[PDB]
Amino acid sequence: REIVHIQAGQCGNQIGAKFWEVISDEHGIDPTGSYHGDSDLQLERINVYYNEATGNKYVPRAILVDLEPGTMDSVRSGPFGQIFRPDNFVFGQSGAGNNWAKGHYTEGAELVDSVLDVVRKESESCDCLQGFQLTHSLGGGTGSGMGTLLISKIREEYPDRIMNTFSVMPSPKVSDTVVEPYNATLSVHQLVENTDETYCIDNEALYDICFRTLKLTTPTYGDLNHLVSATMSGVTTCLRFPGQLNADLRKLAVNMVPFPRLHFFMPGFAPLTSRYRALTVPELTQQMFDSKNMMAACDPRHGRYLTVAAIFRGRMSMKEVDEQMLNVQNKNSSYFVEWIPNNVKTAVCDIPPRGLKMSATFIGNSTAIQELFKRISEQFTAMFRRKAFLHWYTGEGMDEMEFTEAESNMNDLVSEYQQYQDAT
Amino acid sequence: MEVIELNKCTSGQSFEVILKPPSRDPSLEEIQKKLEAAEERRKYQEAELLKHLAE
Amino acid sequence: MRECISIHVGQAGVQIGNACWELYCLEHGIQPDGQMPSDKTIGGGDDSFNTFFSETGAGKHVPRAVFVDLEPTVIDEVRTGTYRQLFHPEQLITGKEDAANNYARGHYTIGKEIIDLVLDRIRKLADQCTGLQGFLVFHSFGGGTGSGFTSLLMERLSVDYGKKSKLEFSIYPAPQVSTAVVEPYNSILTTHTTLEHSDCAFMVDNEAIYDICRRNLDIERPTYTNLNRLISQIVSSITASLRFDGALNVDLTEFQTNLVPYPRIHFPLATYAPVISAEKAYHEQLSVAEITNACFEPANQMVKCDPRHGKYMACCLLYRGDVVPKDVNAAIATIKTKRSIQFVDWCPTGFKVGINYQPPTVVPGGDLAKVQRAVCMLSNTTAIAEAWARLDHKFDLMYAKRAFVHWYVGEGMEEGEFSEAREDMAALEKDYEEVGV
Amino acid sequence: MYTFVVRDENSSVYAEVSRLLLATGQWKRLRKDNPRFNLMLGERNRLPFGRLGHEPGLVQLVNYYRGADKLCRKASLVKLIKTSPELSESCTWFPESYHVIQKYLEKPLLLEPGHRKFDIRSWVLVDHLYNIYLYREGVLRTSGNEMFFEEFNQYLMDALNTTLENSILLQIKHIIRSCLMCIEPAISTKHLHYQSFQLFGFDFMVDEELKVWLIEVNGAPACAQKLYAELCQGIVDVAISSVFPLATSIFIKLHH
Ligand SMILES: Nc1nc2c(ncn2[C@@H]2O[C@H](COP(=O)(O)OP(=O)(O)OP(=O)(O)O)[C@@H](O)[C@H]2O)c(=O)[nH]1
Ligand SMILES: Nc1nc2c(ncn2[C@@H]2O[C@H](COP(=O)(O)OP(=O)(O)O)[C@@H](O)[C@H]2O)c(=O)[nH]1
Ligand SMILES: CCNc1nc(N2CC(=O)Nc3cc(OC)ccc32)c2ncccc2n1
Ligand SMILES: [Ca+2]
Ligand SMILES: [Ca+2]
Ligand SMILES: [Cl-]
Ligand SMILES: [Mg+2]
Ligand SMILES: [Mg+2]
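Residues numbered from 1 in each chain as written, not as in the entry; some residues may be left out. Chains lettered and ligands numbered in written order. Part of a larger assembly, values for the part shown. Heavy atoms only, no water. Residues with missing side-chain atoms left out of burial classes, pairs and counts.

- Method of determination, as given in the entry header: X-ray crystallography; reported resolution: 2.92 Å.

- You'll find chain D entered in the PDB entry as Tubulin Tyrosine Ligase, with Gallus gallus given as the organism.
- Its PDB record names the entry "Tubulin-RB3_SLD-TTL in complex with compound 5t".

- Per the PDB entry, chain B goes by the name Stathmin-4 and belongs to Rattus norvegicus.

### What about the coordination of the calcium ion (ligand 5)?
Residues and elements named next belong to chain C.
In step 1: Within the protein, the atoms that donate to the calcium ion (ligand 5) are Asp39 (OD), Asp39 (OD), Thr41 (O), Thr41 (OG1), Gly44 (O), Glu55 (OE) and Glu55 (OE), at distances of 2.4 to 2.7 Å.
In step 2: In primary-sequence terms, the residues that donate to the calcium ion (ligand 5) follow D-x1-T-x2-G-x10-E. With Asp39 in the loop between α1 (10-27) and β2 (53-55) and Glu55 in strand β2, the pair connects residues that are 16 residues apart, well separated along the chain. (Donors = N, O, S within 2.8 Å, 3.2 Å for Na, K, Ca; no water. Helix = DSSP H or I, 4+ residues; strand = E, 2+ residues; numbered from the N terminus.)

### Considerations on the interface of chain A and chain D
In step 1: Tallying the contact residues gives 8 residues for chain A and 10 residues for chain D.
In step 2: Summed over both partners, the interface of chain A with chain D buries about 730 Å², with 42% contributed by carbon and sulfur atoms.
In step 3: Applying the counting rule to chain A against chain D returns 1 salt bridge.
In step 4: Residue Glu338 of chain A is joined to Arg31 of chain D by a salt bridge in which the shortest nitrogen-to-oxygen separation is 3.1 Å.
In step 5: For the interface between chain A and chain D, the tally reads 4 residue pairs in polar contact.
In step 6: Class assignment for the residues of the side of chain A that touches chain D results in 1 nonpolar, 6 polar and 1 charged. (Contact = heavy atoms within 4.5 Å. Buried area = accessible area lost by both parts, 1.4 Å probe. Salt bridge = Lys/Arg side-chain N within 4 Å of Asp/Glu carboxyl O. Polar contact = N/O pair within 3.5 Å; in protein donor to acceptor, adjacent residues only side chain to side chain. Nonpolar A, V, L, I, M, F, W, Y, C, P; charged D, E, K, R; others polar.)

### As for the pairing of strand β11 (residues 344-349) of chain A
In step 1: With 5 of 6 residues buried, β11 of chain A lies mostly within the body of the structure.
In step 2: Note on the crossover from strand β10 (residues 305-314) of chain A through helix α13 (residues 318-331) of chain A to β11 of chain A: the handedness is right-handed. (Buried < 20%, exposed > 50% of the residue type's maximum accessible area, 1.4 Å probe, protein only. Right-handed = clockwise from strand over helix to strand, strands pointing away.)

### Description of empty space enclosed by the protein
In step 1: In this structure, the largest cavity encloses a volume near 710 Å³.
In step 2: Around the largest cavity sit 40 residues that line it, and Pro341 and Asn342 of chain A, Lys394 of chain C together with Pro35 and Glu55 of chain D are the ones nearest its centre.
In step 3: If you list the elements that add at least two residues to the lining of the largest cavity, you get α6 (183-194) and α12 (385-399) of chain C.
In step 4: Looking at the lining of the largest cavity element by element, the count peaks at 6 residues for α12 of chain C.
In step 5: For the lining of the largest cavity, a count of residues per class yields 19 nonpolar, 9 polar and 12 charged.
In step 6: If you trace the second largest cavity, you find 18 residues lining it, with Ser241, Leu248, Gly354, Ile355 and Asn356 of chain C closest to the centre.
In step 7: Listing elements by their share of the lining of the second largest cavity, those giving two or more residues are β2 (12-20) of chain B together with α8 (224-243), β10 (312-321) and β11 (349-356) of chain C.
In step 8: By residue class, the composition of the lining of the second largest cavity is 7 nonpolar, 9 polar and 2 charged. (1 Å grid on protein atoms, 1.4 Å probe; cavity = no way out; pocket = protein on both sides within 12 Å on 5 of 7 lines; lining within 4 Å. Points joined across faces, edges and corners; volume = space filled by probe spheres on them.)

### What about the domain arrangement of chain D?
The extent of an interface is frequently quoted as the accessible surface area lost upon association of the parts.
Residue and element names in this part refer to chain D.
In step 1: As far as domains go, chain D holds domain 1 (1-63) and domain 2 (64-95 + 107-256).
In step 2: For domain 1 versus domain 2, the separation of C-alpha centres amounts to 25 Å.
In step 3: Across the domain 1/domain 2 interface, buried area totals approximately 2,400 Å², and carbon plus sulfur atoms make up 72% of it.
In step 4: Three residues stand out in domain 1 for area buried against domain 2, namely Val13, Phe49 and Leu61, and they jointly supply 26% of the buried area on that side. (Domains from an automatic or database assignment.)

### Here we look at helix α1 (residues 9-26) of chain A
Residues and elements named next belong to chain A.
In step 1: In this model, α1 (18 residues) spans 26 Å end to end at C-alpha, consistent with the 26 Å of a helix rising 1.5 Å per residue.
In step 2: For α1, the complete set of buried residues consists of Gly9, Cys11, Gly12, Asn13, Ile15, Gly16, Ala17, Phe19, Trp20, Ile23, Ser24 and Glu26.
In step 3: The first or second residue beyond α1 is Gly28, which carries a positive phi of 65°. (Expected span 1.5 Å × (residues − 1).)

### Details of helix α5 (residues 144-160) of chain C
In step 1: With 17 residues, α5 of chain C ought to run about 24 Å at 1.5 Å a step, and its terminal C-alpha atoms sit 24 Å apart, in line with that.
In step 2: If you look at α5 of chain C, its biggest bend is around 25°, right at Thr150 of chain C. (Bend = angle between axes of the 7 residues up to and from the residue.)

The following block contains the structure:
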């Protein structure tokens, strides 16, 4: 059951490229594509993300997309840039200028049919396609606008397969343009309708974690991506490795998503580490639920968990793992909804991620995620009330009503997340 | 307690013990009908999706 | 020899099927290559073990079984396991993508694509049966294949074999080992659909078996391999009557007339004993009186409940080992004085007993010790209605918010099938209560 | 911390128990429908025994015994006395019975001055191990309007030349022991997946020869205001903290 990975934009290609470096080391695949690993567990489910080739080399099932040539050339100049299939690089020269409309409607429309042809060639090779996986940012132009366009057109050609996105939210603490709230609100409208599961990687949370936890006074984008590639490795563990839970994308969606629009997950990771003591299983569990380890700047105590999926990696007593997981639920049973019985599911994998010998990754569908959508909705309205910077979008053919429709669809999403926070 | 109907075999014995005494098939059509009514409802809501995507 | 077809649906069914047929091969002296030296009848016979095994001209004994999973990963390890030579490749059936823990996906969407394939390969087995008794079906309540595809299969087995009787072995969902959050949905749906198509259904609560392995075998974190090899011991003693010479439960029809007076109330509670650890160096051999006493302790049942606050409709005791009749009648005498055993008024208070002299067989190197006598009590008590009440309450907590319903209607199901199946269970709970109060 | 829920707010006894438990700083109260509790102070009618003991990693204790109804509804009680072999003809302490129809005590003991009739209520507690605990404090509902055991004892000494223990309490400890041992196999939770305790109210009347008779048993008793504080702490100490320990004996253990 194969997965097709697509990375769009500067952020999508950068977090996407680090993701492939991280998992290629875990599966013992070198930049040349050949295998040099001790365990055959590393090769068992490698077909999920890699394609076997002549000479028994493995090529990632990845499509790299951008409207600027620069980021793609840097990935090719990167350490693992040789591993990516050269045809799977799809790029243009115009750029999108941090303008959702240029990526979704004008500049992006020309390149989209080219990307879909690469998708199709990878899809036809697949014996059984689980679905697709997209890394992008919600605040730019290419990943935000053309990324949501591709999702709309992948759903048309493959209506039955699963669409999963890692979406990076904008924050004034790490910002590129003042129109990031415009791009984010417009994209969220799309993700609500056309994805099954979305991991909300909040740049505000990544900055704070680097700042106040890791004590990095001014973080680089690489500093934030180190947190992202850890989380992205942690949440795909049950897809890449044989374990007690042999999982796929659809079963995750079926169990994590009680209502179709409430599919925005809070990622969490422990231990948080900067770019020798190992954590005891009780420490992993306490930190994993700690708000200070969430990849979205939301207070989980301001909401209630609808569903929770947690992964533990390393060699540890599975008995102590479930004694500790049961302990948190029994000790904080207020923060889990009583109308979804047994809404916390734990999995254990023996292979830890490189560098750490014990690790815990957290996937939460918490109603506290609406703090993130309120924040982006507050920034959006402050501008849109006065129609500021709107001419950059109406000059590309959009109408003010399309902004009104996205604003209110997202404000509906927040009220829906609040409905269940209070239901009994 | 009475013991009733002791049957012996080479493999084992069987008996009964009493302490106290007392005091429309759904047709292949019907299942195939509902099996297809569900597939028509499926493809209805897919059509609605492909038309929402055409607009 | 009236023959019996086994069908294993979904992961739970296939791996439990693995446990039993492995055990069956040990109990009958059949090697993993299908050869049976005890069998001098080469290529045929009306023996009692031929109710479960067919014979080739090459002297191979092959299970009258079929394995069905909408995903290949679990049946593939049967195809490459120690007993790969045992099965013909055709009786192992697999699809491409599974039911994603979705009843409707397994019933309607993915079920309709494969239903005709397995019914064909079932009828290949039935054409080799001079006098087919019926079917033994193994599945989970919570799995999308185990719930959805089974209930479609049970529907179409009633049409194609309306005279033959269908027995069910079902894994009731337990959160300590459950894989899905919607398992109460699947359970209520498959039970409603299968109710009038199953003649007898033995439920096995994963939580009961889990805590037996923890308490008695001293395993801190039991696996499915532990649970299944325990489960198969119960399954083996229930089916032992059909594979060996007996007078009690020799045909599948007897399971109904002995245990099920009311067609809907066809869920007997099973209780097994002793469960002894193999690591225990020297185990006191438990008397007949002690292992018959244990059958009334809730801690040894396949479903956690209290028979003291229900009423019995029937009761079988199947002894395997060194058991003499007057040994059990003395044990029945002493325990009737010291325990609360209220049969319903319109039924006689008593027990049907079968003894098979061959002691229980265990898996070599397993964690179950070999004992010299063991007992399994099938009892149709109304106290099992508690297990329904628990499952229904969970169903009611989710369905009030309509949580996860969209995954089901998205597969073509109708929202009303939920409340239809739920008030069938609301009727099943009151039918139990009227009998037991 | 341990967790508990309260599903019978009209309970004056266990309301005070809830107060003391919260005051420990080691117990915290959950919402009624929250399943992840240690201790349930459940309802009187249709208490869902069938759903207790099924939450992993939680030791669950409830303040009622399933099957105790067989002793607390007077219809069931008379059926239990006549049919039970452990009692039956041997009862010289249950008035002849067939609400329901019972004989009347022609000859009650009359407290004087004032020719006063009375009944005695003692409170019994049965923990998760079926140890039987008789509260040393009882009370006579005389015809406030309540006489306690210190006064009644001194009355017995100065009026009839005997003590409360010898004249009456011996028979009471025998009756309490006799009924509760009878239904012990039917209601014990010693090897169940959940555990039970329960507070009982036995009511007795004494005839003019100092012979004690059992009027009725109540499965949800109230206490006298003077005694609420001492008994409720003993419930917590002997029945609740025995199962969930924290970081004189007001009871008399009835032996069996
Ligand atoms: N005793 C026992 N229970 C099992 C086993 N495997 C799965 N289960 C239980 O079965 C339930 C899940 O159903 P599965 O059988 O795994 O699902 P399935 O029938 O394959 O259906 P899908 O995977 O959704 O297509 C859970 O309650 C598990 O606890 C097993 O090998 N032994
Ligand atoms: N975490 C992270 N965020 C990024 C990175 N690059 C850009 N961003 C954020 O993404 C948004 C800009 O989107 P970008 O990818 O640069 O524009 P695009 O190429 O047109 O999609 C801004 O909010 C940035 O803060 C990165 O490498 N890591
Ligand atoms: C995308 C990787 N896939 C996956 N999927 C999981 N699943 C699928 C499943 O079968 N059950 C399940 C039940 C849940 O209930 C609240 C939650 C999640 C799941 C899962 N769970 C725990 C850790 C990691 C996991 N990774
Ligand atoms: Ca083209
Ligand atoms: Ca033969
Ligand atoms: Cl035992
Ligand atoms: Mg840029
Ligand atoms: Mg399965």
